[PDB]
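Colleague: Take a look at this one; I'll ask things after.
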Amino acid sequence: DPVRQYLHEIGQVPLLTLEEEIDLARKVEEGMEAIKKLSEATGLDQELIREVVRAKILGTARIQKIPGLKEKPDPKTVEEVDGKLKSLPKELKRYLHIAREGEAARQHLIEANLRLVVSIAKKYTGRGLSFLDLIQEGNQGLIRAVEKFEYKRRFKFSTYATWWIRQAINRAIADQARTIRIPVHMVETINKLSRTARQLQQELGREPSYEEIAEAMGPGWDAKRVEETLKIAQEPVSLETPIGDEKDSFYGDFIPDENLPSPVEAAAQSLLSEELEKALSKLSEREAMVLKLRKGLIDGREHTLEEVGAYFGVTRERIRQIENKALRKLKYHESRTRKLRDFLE
Amino acid sequence: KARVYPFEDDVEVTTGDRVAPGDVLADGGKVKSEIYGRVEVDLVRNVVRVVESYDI
DNA sequence: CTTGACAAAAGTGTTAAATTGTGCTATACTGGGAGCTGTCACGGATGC
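Heads up: the sequence lines are chains F and D, in that order. Numbering of the first sequence is given in the authors' numbering, commencing with residue 94 and proceeding in unit increments. Numbering of the second sequence is given in the authors' numbering, commencing with residue 397 and proceeding in unit increments.
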């Protein structure tokens, strides 16, 4: 059972005292700024030796071994760096070790206030992610708040962390939610609208008409706007939805397939094609061939008057009147024969 | 459960590193740890300790 | 079938207005949560 699993996995470590908290933040920031001063040392970048710290701390080669087929070169961009600062005097080395212990501190910190995250996200169930899923995204929120927090602020880390938790959570549900992808601002305005609708549904003692709720919103909000975003609201309905009073009556197999041709349609198209194909020979040998271009027959792509004119060596005007007389000669044969009179839709 | 090997100058190794008997932890090739374990470097107290840990 | 003229359909270039994606908020928030029933037969893994 994967749920109660993490439930006992979090309580495996104590949370923290104020002391431990401040100490954690202490060695964290001192470590990171040590990485800064280290960036001034061998000329390395700010973020470079940082992730390199993860290279020799978070484990052996397992870290960058499989981050997709492309993340960042291990034997090239990492290896030499790991050996470039090994040659360096006491100062740069002490800064090194400071970096190591600092990042580790970041980790421990994260786990405690991860217990915290667990509670917070535990209150958010039913967003389309049952428990862990939700929680996990929520967790990473704290992570971003871990590096952005300062012990100097004299605030319990729980506060900052919490707000960032609700951040990660709401962004995650905004980006996942219904099966149809929806933009973040869009989701915002959605839950905004439904908020209002809820409120004045309870106040008015009844459900609001489109115009009064849309008015309750503000400027530019009308019945059509709410009706619109309401149409977008509802998600795709599952095909596996059983209908009727039985189990065996399904939904998915009740949908017609019009995206593909039908036998009647296949023979219909083949028919128009053939019947018109033989109706072709009764036209002037030149004007028929020309007519195959202007109407987009030969290669499927319609050729302009200029092109067909560039074909028979005649001006485009010629091709034009050619089309007039051709289509009308055909018109005689049609109005007479009454063979192709069908296909009138 | 561990064995302390306090150094003097710089260090050869880092925090987190596997060693075996007959290795030089620090001290420019002076101090030598005899046991298997993950070496941990404590800056302030100036010591590199070998906890008894097999890399597994 | 032909030349020039010209209306509209169409092509292209540049912007304004909309849509959409991102980051962050500091008192303190630090181990979920919901229940459900009135078989039956046999085959297999597993605990006696």
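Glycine included, every Cβ here is placed at the ideal spot set by N, Cα and C.
(1) Could you pull the start and end residues of the alpha helix (DSSP H) that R399 of chain D belongs to?
(2) Using the C-alpha atoms, what's the distance from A422 of chain D back to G412 of chain D?
(3) Just the chain F side, please: which residues come within less than 8 Å of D406 of chain D by C-beta, in chain order?
(4) Quick one: list the residues of chain F neighbouring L439 of chain D, beta-carbon separation under 9 Å, in chain order.
(5) Tell me the DSSP bridge mates of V437 of chain D?
(6) Nearest chain D C-beta to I142 of chain F closer than 8 Å, yes or no?
(7) Assign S223 of chain F to buried or exposed, taking buried as 16 or more other Cβ atoms, counted over all protein chains shown, within 10 Å of its Cβ.
(8) Identify the contact partners of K149 of chain F in chain D, using a Cβ-Cβ distance below 8 Å as the criterion.
(9) Look at the alpha carbon of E308 of chain F and the alpha carbon of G298 of chain F, and state the distance between them as a whole number of angstroms.
(10) Just to confirm the assignment, what range does the alpha helix (DSSP H) spanning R318 of chain F have?
(11) Count the C-beta pairs between the region 216-235 of chain F and the region 150-163 of chain F that are closer than 8 Å, then say yes if the count reaches three, no if not.
(12) Any contact of the region 389-408 of chain F with the region 419-437 of chain F, i.e. 3+ C-beta pairs under 8 Å?
(13) Is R379 of chain F buried or exposed, if buried means 16 or more other CB atoms sit within 10 Å of its CB?
(14) For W314 of chain F, which option in F:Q327, F:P329, F:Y217 and F:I283 has the closest C-alpha, if you only look at C-alpha atoms?
(15) Using DSSP's beta-bridge definition, name the partner residues of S429 of chain D.
(16) What residues in its chain sit with their C-beta under 7 Å from that of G345 of chain F, if we drop five residues either side in the sequence?
(17) Do the region 229-245 of chain F and the region 127-137 of chain F touch if we need at least three Cβ pairs shorter than 8 Å?
(18) Here's a check: name, in chain order, each residue in its chain whose Cβ is nearer than 6 Å to the Cβ of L384 of chain F, leaving out the five neighbours to either side.
(19) Can you give the beta carbon distance from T110 of chain F to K177 of chain F, rounded, assuming they're within the 8 Å contact cut?
(20) Keeping to the same chain, check which residues put their C-beta closer than 8 Å to that of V409 of chain D; ignore five residues upstream and five downstream.
(21) If I'm right that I258 of chain F touches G234 of chain F with Cβ under 8 Å, what's the distance once you round it to whole angstroms?
(22) Alpha carbon to alpha carbon, what distance is there between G393 of chain F and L437 of chain F?
(23) Who does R414 of chain D pair with in a DSSP beta bridge?
(24) Label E172 of chain F either buried or exposed according to how many other C-beta atoms from any shown protein chain fall within 10 Å of its C-beta, with 16 as the threshold for buried.
(25) Enumerate in chain order the residues of its own chain whose CB-to-CB distance from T289 of chain F is below 8 Å, with the five nearest sequence positions on each side excluded.
(26) Give the DSSP-derived three-state secondary structure of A205 of chain F in the structure shown.
(27) Using the Cβ count rule (16 or more neighbours within 10 Å means buried), how would you classify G337 of chain F?
(28) So what does DSSP say about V146 of chain F, is it helix, strand or coil?
(29) What number of angstroms, rounded off, separates the C-alpha of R318 of chain F from the C-alpha of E281 of chain F?
(30) Apart from the five residues just before and just after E368 of chain F, which ones in its own chain have a Cβ nearer than 7 Å to its Cβ?
(31) Quick one: any contact between the region 102-122 of chain F and the region 197-211 of chain F, if contact means 3 or more CB pairs under 8 Å?
(32) Need the endpoints of the alpha helix (DSSP H) that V171 of chain F sits in, please.
(33) Should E399 of chain F go down as buried or exposed, given a rule of 16 or more other Cβ atoms within 10 Å for buried?
(34) Determine the direct distance from the alpha carbon of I431 of chain D to that of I452 of chain D, and round the result to whole angstroms.
Modeller: A quick look at the data gives this:
(1) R399 of chain D -> not in any alpha helix (DSSP H); beta strand (DSSP E) instead, spanning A398 to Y401.
(2) When rounded, the distance between both Cα atoms is 14 Å.
(3) Those are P182, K183 and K186, listed as they occur along chain F.
(4) Within chain F, the residues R187, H190, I191 and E194 have their CB atoms less than 9 Å from the CB of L439 of chain D, given in chain order.
(5) According to DSSP, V437 of chain D bridges with D:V444.
(6) Not one chain D Cβ lies under 8 Å of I142 of chain F.
(7) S223 of chain F counts as exposed, since fewer than 16 other C-beta atoms from the protein chains shown sit within 10 angstroms of its C-beta.
(8) Per Cβ cutoff of 8 Å: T410 and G412.
(9) Distance between the alpha carbons of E308 of chain F and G298 of chain F is about 17 Å.
(10) It spans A316 to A326 - the alpha helix (DSSP H) in which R318 of chain F sits, taken as one unbroken run.
(11) The region 216-235 of chain F, when compared against the region 150-163 of chain F, does not touch it at the 8 Å Cβ threshold.
(12) At 8 Å Cβ cutoff, the stretches do not touch.
(13) By the beta-carbon neighbour count (other beta carbons within 10 angstroms, threshold 16), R379 of chain F is exposed.
(14) Looking at the Cα atoms, F:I283 is the closest of the given residues.
(15) The partner list for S429 of chain D (beta bridge, DSSP) reads D:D419.
(16) These residues qualify, in order along the chain: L332 and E333.
(17) When Cβ pairs closer than 8 Å are counted between the two stretches, the region 229-245 of chain F is seen not to touch the region 127-137 of chain F, the count staying below three.
(18) Closer than 6 Å at the Cβ level, and outside the excluded window around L384 of chain F, lie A419.
(19) Contact flag wrong, Cβ pair sits at about 40 Å.
(20) Cβ within range, chain order: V415, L421, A422, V435, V437 and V444.
(21) The C-beta separation of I258 of chain F from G234 of chain F comes to about 5 Å, placing the pair in contact by the 8 Å criterion.
(22) Approximately 22 Å, taken between the alpha carbons.
(23) Answer is D:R434, bridged to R414 of chain D.
(24) Taking all protein chains shown into account, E172 of chain F has fewer than 16 neighbouring C-beta atoms within 10 Å of its C-beta and is therefore exposed.
(25) Apart from sequence neighbours up to five positions away, the residues of its chain that approach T289 of chain F with a beta-carbon distance below 8 Å are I306, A309 and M310, ordered along the chain.
(26) When secondary structure is reduced to three states using DSSP, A205 of chain F falls in the helix class.
(27) Burial call: exposed.
(28) In the structure shown, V146 of chain F falls within a helical segment according to DSSP collapsed to helix, strand and coil.
(29) About 15 Å.
(30) By the criterion of a C-beta distance shorter than 7 Å, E368 of chain F is surrounded in its chain by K432 and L433, once the five residues flanking it on both sides are discounted.
(31) Output reads yes: the region 197-211 of chain F touches the region 102-122 of chain F.
(32) Where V171 of chain F is concerned, there is no enclosing alpha helix (DSSP H), because DSSP gives it neither an H nor an E.
(33) An exposed status is given to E399 of chain F, since fewer than 16 other beta-carbon atoms sit within 10 Å of its beta-carbon.
(34) Answer to the nearest angstrom: the Cα atoms are 15 Å apart.
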